[PDB]
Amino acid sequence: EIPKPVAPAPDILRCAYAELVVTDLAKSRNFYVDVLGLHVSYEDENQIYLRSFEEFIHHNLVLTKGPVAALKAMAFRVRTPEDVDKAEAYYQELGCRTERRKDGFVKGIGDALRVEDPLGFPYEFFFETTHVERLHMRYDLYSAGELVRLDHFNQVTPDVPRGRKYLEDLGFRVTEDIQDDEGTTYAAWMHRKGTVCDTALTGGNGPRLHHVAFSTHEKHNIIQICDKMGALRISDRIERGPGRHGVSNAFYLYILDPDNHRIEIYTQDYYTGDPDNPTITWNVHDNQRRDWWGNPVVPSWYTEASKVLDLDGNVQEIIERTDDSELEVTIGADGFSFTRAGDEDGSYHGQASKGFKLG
């Protein structure tokens, strides 16, 4: 269990960017720029720096060429320069490996701290960043599938309560979670910026990065991403969706980049900024908790996720989840889910909803 430091937590504003390692920079560029329409802030033979339509900081995504595709850093902006020092003192008191660079780890970020956090995740904290042209009224550039904001990260970790307590001490507040009647926690969402989440924990073998999520303005923007992927004859890279989430109430889609990094496209969750924001707990067997329309969750969504790196750029070793598996207890041969609690009609036993079993 992770103790609460005596040192004050840094004041975290929001998720700000991820740095993903990618194996073929040109094919990743085709996906993020040509298919998804993200905006280039800088690029060279080694890296592509990308931002969403409404962003003013330098980037939301950095694609770094390297030998092994993986999450290199998930970065949170903090409220003041001094909060970077606070983060350093906090993680040092946790006994975590830290690395400070006064001039940043990536272009367009200044003074920055990277840490191997207690769950094995590479986090960055920074304040200083190079401001760029905010493209939010550049409707001459606007795509039918325009990605407007970075919304959140989602992390796979074997012990959700242990992770949750740690993120609570860091100032994140839980908005929604998924549990069962026998006291197991399968997932939790938690926030700083007043949306449903900034980062989220998914119970599973880890550390691994489940996804990075971008917003659109409207639902039709997400439908267009699907339609465009069908036109490009890359519908096999649509993993799951589109749907309505139970948890978050957002309209969603999950797609896969060329190195199998999962991207969620997301819109229209709700305000969580009040400090007594009501938490919402879903039962793991509730077949409307993940897709509100009861569509089945593809098993890859539960099993696959990206490697993460340590601060030397080596892959973090995986620790196996010992708590019950969400896949197994819902859609596996011994699983079940319901539409109405207590009702056998519209319940599924040993298979997924809507007439499928696991492939």
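Quick note: we count residues from 1 along the sequence shown, nothing fancier.
Of the two segments, 100-108 and 138-146, the one listed with the higher mean B-factor is 100-108 (C-alpha atoms only).
Between the stretches 314-322 and 33-41, it is 314-322 that shows the larger average CA temperature factor.
Listed residues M190, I222, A213, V115 were ranked by CA B-factor as deposited; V115 comes out on top.
Across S52, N46, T330, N295, the greatest Cα temperature factor reported in the deposited entry is at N46. Sort the modelled residues of the chain by CA B factor and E176 lands in the lowest third. Per the PDB record, residue ranking by Cα B-factor puts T130 in the highest third of the chain. Sorting the modelled residues of the chain by their CA temperature factor places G246 in the lowest third. Among the modelled residues of its chain, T184 has a C-alpha B-factor that falls in the middle third according to the deposited record. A89: CA B factor lies in the highest third for its chain, per the PDB record.
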